[PDB]
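Read the structure below first, then the notes.
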Amino acid sequence: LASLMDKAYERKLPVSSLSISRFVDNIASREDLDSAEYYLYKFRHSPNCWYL
RNA sequence: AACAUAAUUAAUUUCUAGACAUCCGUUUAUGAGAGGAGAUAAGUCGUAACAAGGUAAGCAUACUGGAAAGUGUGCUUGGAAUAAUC
Ligand SMILES: [K+]
Ligand SMILES: [K+]
Ligand SMILES: [Mg+2]
Ligand SMILES: [Mg+2]
Ligand SMILES: [Mg+2]
Ligand SMILES: [Mg+2]
Ligand SMILES: [Mg+2]
Ligand SMILES: [Mg+2]
């Protein structure tokens with residue numbers, strides 16, 4: 001899922017709300033939280049920030 | 001070369017990339033040298049034209065000649081024969 005979101009931001013393409021939802025749901029470790037925090041930041045600064 | 005993401009406010013992205021390459025040509029200038037016209041203006045050689053200009057003049061064309069010109073063939077009068085009679 002991380003790869004899918006990374007490609008979209010590189011191409012300046014919108015990311016789905018379902019995509020960020022799947023990431024947060026499948027957090028399995030303390031380290032994963034840190035990565036999700038970065039992607040929540042990226043989602044906020046993206047065209048579909050309102051759809052969180 | 002023209003799709004793809006996204007969508008419980010709605011929008012993002014694509015909507016391109018080479019080859020502007022020299023032409024075939026066309027004008028004008030330069031002019032080795034070879035000519036033409038015109039004028040300058042005292043000559044030189046003849047005397048061709050103007051008188052029937054001393055071979056009437058001229059046109060076309062051909063040939064010929066220092067030069068004007070000469071000669072042939074056809075044509076012109078822009079020559080003449082001012083004009084009663086064996
Ligand atoms: K003569
Ligand atoms: K004459
Ligand atoms: Mg004479
Ligand atoms: Mg004579
Ligand atoms: Mg004469
Ligand atoms: Mg003649
Ligand atoms: Mg002769
Ligand atoms: Mg003779």
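Residues in the structure tokens are numbered from 1 in each chain, the chains being A, B, ... in the order shown, and ligands are numbered from 1 in the order shown.
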>> At a cut-off of 12 Å, using only C-alpha atoms (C1' of nucleotides), what residues contact residue 44 of chain A? Leave out same-chain residues fewer than 3 positions from it and give the result as a PyMOL selection string.
In response: chain A and resi 9+14-17+20+37-41+47-52
Same residues, N, CA, C and O atoms, output as a CSV table (one decimal), in the first residue's frame:
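So the final result, stored in out-v3.csv, reads:
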chain,number,residue,atom,x,y,z
A,9,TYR,N,1.7,10.3,-5.5
A,9,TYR,CA,2.2,11.6,-5.2
A,9,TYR,C,3.3,12.0,-6.1
A,9,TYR,O,3.5,13.2,-6.4
A,14,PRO,N,-4.4,12.2,-7.4
A,14,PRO,CA,-5.1,12.1,-6.2
A,14,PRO,C,-5.1,10.6,-5.6
A,14,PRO,O,-5.1,9.7,-6.4
A,15,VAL,N,-5.0,10.5,-4.3
A,15,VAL,CA,-5.1,9.3,-3.6
A,15,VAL,C,-6.4,9.1,-3.0
A,15,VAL,O,-7.1,10.0,-2.6
A,16,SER,N,-6.9,7.8,-3.0
A,16,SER,CA,-8.2,7.5,-2.5
A,16,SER,C,-8.3,7.5,-1.0
A,16,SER,O,-7.3,7.3,-0.3
A,17,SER,N,-9.5,7.9,-0.5
A,17,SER,CA,-9.7,7.9,0.9
A,17,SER,C,-9.6,6.4,1.4
A,17,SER,O,-9.2,6.1,2.6
A,20,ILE,N,-5.8,5.4,2.1
A,20,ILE,CA,-5.3,5.8,3.4
A,20,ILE,C,-6.0,5.0,4.5
A,20,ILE,O,-5.4,4.7,5.6
A,37,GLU,N,1.9,8.0,10.2
A,37,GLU,CA,1.9,9.4,10.5
A,37,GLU,C,2.4,10.2,9.3
A,37,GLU,O,1.9,11.3,9.0
A,38,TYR,N,3.4,9.7,8.6
A,38,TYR,CA,3.9,10.4,7.4
A,38,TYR,C,2.9,10.4,6.3
A,38,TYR,O,2.7,11.4,5.6
A,39,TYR,N,2.2,9.3,6.1
A,39,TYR,CA,1.2,9.2,5.0
A,39,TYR,C,0.0,10.0,5.4
A,39,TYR,O,-0.7,10.5,4.4
A,40,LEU,N,-0.4,10.1,6.6
A,40,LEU,CA,-1.5,11.0,7.0
A,40,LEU,C,-1.2,12.4,6.7
A,40,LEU,O,-2.0,13.2,6.3
A,41,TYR,N,0.1,12.8,6.9
A,41,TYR,CA,0.6,14.1,6.5
A,41,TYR,C,0.5,14.3,5.0
A,41,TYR,O,0.0,15.4,4.6
A,47,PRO,N,-4.9,16.6,-3.0
A,47,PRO,CA,-6.2,17.1,-3.5
A,47,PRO,C,-7.4,16.6,-2.7
A,47,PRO,O,-8.4,17.3,-2.5
A,48,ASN,N,-7.3,15.3,-2.2
A,48,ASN,CA,-8.5,14.7,-1.5
A,48,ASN,C,-8.3,14.7,0.0
A,48,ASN,O,-8.6,13.7,0.7
A,49,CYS,N,-7.8,15.8,0.5
A,49,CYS,CA,-7.6,15.9,2.0
A,49,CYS,C,-9.0,15.9,2.7
A,49,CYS,O,-9.1,15.4,3.8
A,50,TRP,N,-10.0,16.6,2.0
A,50,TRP,CA,-11.3,16.7,2.7
A,50,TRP,C,-12.0,15.4,2.9
A,50,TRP,O,-12.8,15.3,3.8
A,51,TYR,N,-11.6,14.3,2.1
A,51,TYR,CA,-12.3,13.1,2.2
A,51,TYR,C,-11.8,12.1,3.2
A,51,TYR,O,-12.2,10.9,3.3
A,52,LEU,N,-10.8,12.5,4.1
A,52,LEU,CA,-10.4,11.7,5.2
A,52,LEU,C,-11.6,11.3,6.0
A,52,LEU,O,-12.4,12.1,6.5
For residue 63 of chain B, find every residue with an atom within 12 Å (counting only C-alpha atoms (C1' of nucleotides)), except residues of its own chain fewer than 3 positions away, and show them as a PDB file with C-alpha atoms (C1' of nucleotides), in the first residue's frame.
ATOM      1  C1'   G B  70      29.714  50.806-108.805  1.00  0.00           C
ATOM      2  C1'   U B  71      26.871  47.059-111.413  1.00  0.00           C
ATOM      3  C1'   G B  72      22.812  43.521-112.304  1.00  0.00           C
TER       4        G B  72
END
> Taking only C-alpha atoms (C1' of nucleotides) into account, which residues of chain B are within 7 Å of chain A, as a VMD selection string?
Replying inline: chain B and resid 5 to 6 11 to 13
Mind writing the picked residues with N, CA and C atoms (P, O5', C5', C4', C3', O3' and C1' of nucleotides) as a PDB file, in the first residue's frame?
ATOM      1  P     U B   5      -6.799   3.831 -13.649  1.00  0.00           P
ATOM      2  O5'   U B   5      -6.159   4.836 -12.593  1.00  0.00           O
ATOM      3  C5'   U B   5      -6.752   5.027 -11.316  1.00  0.00           C
ATOM      4  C4'   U B   5      -6.254   6.290 -10.662  1.00  0.00           C
ATOM      5  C3'   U B   5      -7.098   6.817  -9.511  1.00  0.00           C
ATOM      6  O3'   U B   5      -6.833   6.167  -8.280  1.00  0.00           O
ATOM      7  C1'   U B   5      -6.619   8.583 -10.999  1.00  0.00           C
ATOM      8  P     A B   6      -8.045   5.623  -7.377  1.00  0.00           P
ATOM      9  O5'   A B   6      -8.936   6.915  -7.102  1.00  0.00           O
ATOM     10  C5'   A B   6      -8.410   8.029  -6.395  1.00  0.00           C
ATOM     11  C4'   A B   6      -9.288   9.245  -6.548  1.00  0.00           C
ATOM     12  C3'   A B   6     -10.708   9.116  -6.013  1.00  0.00           C
ATOM     13  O3'   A B   6     -10.791   9.342  -4.617  1.00  0.00           O
ATOM     14  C1'   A B   6     -10.766  10.033  -8.192  1.00  0.00           C
ATOM     15  P     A B  11     -14.941  21.739  -7.727  1.00  0.00           P
ATOM     16  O5'   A B  11     -13.483  21.206  -7.369  1.00  0.00           O
ATOM     17  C5'   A B  11     -12.508  20.980  -8.376  1.00  0.00           C
ATOM     18  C4'   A B  11     -11.470  19.989  -7.911  1.00  0.00           C
ATOM     19  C3'   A B  11     -10.335  19.699  -8.880  1.00  0.00           C
ATOM     20  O3'   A B  11      -9.311  20.679  -8.831  1.00  0.00           O
ATOM     21  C1'   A B  11     -11.193  17.663  -8.033  1.00  0.00           C
ATOM     22  P     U B  12      -8.362  20.931 -10.101  1.00  0.00           P
ATOM     23  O5'   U B  12      -7.369  19.685 -10.094  1.00  0.00           O
ATOM     24  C5'   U B  12      -6.461  19.480  -9.020  1.00  0.00           C
ATOM     25  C4'   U B  12      -5.761  18.149  -9.136  1.00  0.00           C
ATOM     26  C3'   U B  12      -4.966  17.921 -10.413  1.00  0.00           C
ATOM     27  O3'   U B  12      -3.680  18.516 -10.381  1.00  0.00           O
ATOM     28  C1'   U B  12      -6.315  16.031  -9.980  1.00  0.00           C
ATOM     29  P     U B  13      -3.090  19.242 -11.689  1.00  0.00           P
ATOM     30  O5'   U B  13      -2.808  18.047 -12.703  1.00  0.00           O
ATOM     31  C5'   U B  13      -1.782  17.099 -12.447  1.00  0.00           C
ATOM     32  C4'   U B  13      -1.946  15.855 -13.284  1.00  0.00           C
ATOM     33  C3'   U B  13      -1.847  16.039 -14.791  1.00  0.00           C
ATOM     34  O3'   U B  13      -0.511  16.096 -15.259  1.00  0.00           O
ATOM     35  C1'   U B  13      -3.742  14.724 -14.284  1.00  0.00           C
TER      36        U B  13
END
Pick out the residues no farther than 8 Å from ligand 6, counting only C-alpha atoms (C1' of nucleotides) and all ligand atoms, and list them as a PDB file with C-alpha atoms (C1' of nucleotides), in the first residue's frame.
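Okay, this is what ended up in pocket_6.pdb:
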ATOM      1  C1'   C B  59      13.372  51.318-103.133  1.00  0.00           C
ATOM      2  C1'   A B  60      14.064  45.836-102.313  1.00  0.00           C
ATOM      3  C1'   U B  61      17.920  42.373-103.018  1.00  0.00           C
TER       4        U B  61
END
>> Within 10 Å of ligand 2 (counting only C-alpha atoms (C1' of nucleotides) and all ligand atoms), which residues show up? I'd like them as a ChimeraX atom specification.
In response: /B:49-53,56-58,78-80
>> Any residue with an atom at most 10 Å from ligand 4 counts, using only C-alpha atoms (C1' of nucleotides) and all ligand atoms. Which are they? Put them as a ChimeraX atom specification.
In response: /B:47-48,53-55
> Using the chain letters and numbers from this document, which residues of chain A does DSSP assign to alpha helix (DSSP H), as a ChimeraX atom specification?
Replying inline: /A:2-10,17-25,30-44
